[PDB]
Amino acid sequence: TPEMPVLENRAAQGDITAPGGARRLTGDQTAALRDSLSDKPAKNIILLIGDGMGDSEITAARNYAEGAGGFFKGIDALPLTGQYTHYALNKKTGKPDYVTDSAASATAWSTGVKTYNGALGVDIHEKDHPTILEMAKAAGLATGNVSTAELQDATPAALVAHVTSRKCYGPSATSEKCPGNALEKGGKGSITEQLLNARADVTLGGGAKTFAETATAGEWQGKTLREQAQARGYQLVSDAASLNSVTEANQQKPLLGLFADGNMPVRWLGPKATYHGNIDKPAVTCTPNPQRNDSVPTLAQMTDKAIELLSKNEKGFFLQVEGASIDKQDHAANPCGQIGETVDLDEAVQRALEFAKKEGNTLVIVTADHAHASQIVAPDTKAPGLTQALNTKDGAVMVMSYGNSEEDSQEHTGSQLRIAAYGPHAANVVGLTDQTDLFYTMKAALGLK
């Protein structure tokens, strides 16, 4: 509908060296804003998560791929923007823990309650809390869970599982790590077991590896989780081709795609940032991954398939899309990997926006779980940590730094960060909010009880 608009052009108007040439706006937005506000109920919800995608990561990625005066057709097109907080809680004391992990953050938007790092779908008292997927499902809507990581990973895992520790991937690990959740100790089961129970109509991602573990107890005891899956009515697919065959997805024949043993492959490769790399070493240009594959769906691809199959439900749908790898490449101090996964996500955002634009009753939300390590610094910067200089699209050099861990892994950060939305109820992300608010915002737009 021309009704609800999106930002079509927020790129620099003309000559950046000229007066007004770097402007992103062409006029007054008061009208456009007014036209972007609606209190009408959302039919569908599409939630796009860039793991570790703070403002720094978004900026670094635009600078490189689109130029400083560039514009992300996906990411940057959402008209309603704000800043949200995502601190976690300390388990013993219930006091704030300023820097969160993806387990606690994902638990917050999915169930509306703060938790401790490590936790999936449980409060600090280790008490379960229904998730937005379980609720929408209960309400009879179609549910989708898509990611580029292993599906046991914290991010997607939070919509479907309740464990006291994100490490409880399969039975083997649960029994050890989460004994109270272990199927044999009377628990609800491991992350994978719980995923299977949940039954979203569409689930696409990696982590096929744990689907090889074997049930210790229950009905499917002694079989492989994968085996239990087909046993359960589930349709399994492992490549683009097959994923494309799929004409229908639902509770009868829910869909489960396992495109990789672990995380799906990264789009771009580059060297790892090194100490004084922006000085001692030359500017880098990122190399697309020759080992990415025509048979592996891109995220924008799982996204479009997900939308087509979930859109066949007349009551509506809930969809969660995760761009997993941003956070993981940030940890590895790999600019090229971190950047490409941001660009990968933008493509999916575009698909989601396109659908919402025409559909008209769709709420699209784009955000991150927490902030990361990456910073953009001056080119002649002499940093204590890991640095790298990059040749951007503007023909200039950009330098990225990761200086918050002497360890082998760059740490997350607690800075508040961008949240953007388009469609009905999107005004609920404007200004300062908390990660938990997102739950109530979503459940409220759909009218979930």
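For every residue, the number given is its place in the sequence shown, counted from 1.
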task = Look up the CA B-factors in the entry and say which stretch, 332-340 or 250-258, has the higher mean.
result = 250-258
key: Between 132-140 and 175-183 (mean CA B-factor, as deposited), the higher   = 175-183
remark   = When the entry's CA B-factors for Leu225, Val202, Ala158, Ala77 are compared, the highest one belongs to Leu225
Residue with highest C-alpha B-factor in the PDB entry, from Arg351, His162, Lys358, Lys272 = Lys358
key: Cα B factor band for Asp380 (lowest, middle or highest third within the chain)   = middle
Third assignment of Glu407 from its chain's C-alpha B-factors = highest
remark   = By the entry's values, the third containing the CA B factor of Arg34 is the middle
Chain-relative CA temperature factor third for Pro96 = lowest
task = Would you please rank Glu193 by its C-alpha temperature factor against the other modelled residues of its chain and give the third it falls in: lowest, middle or highest?
result = highest
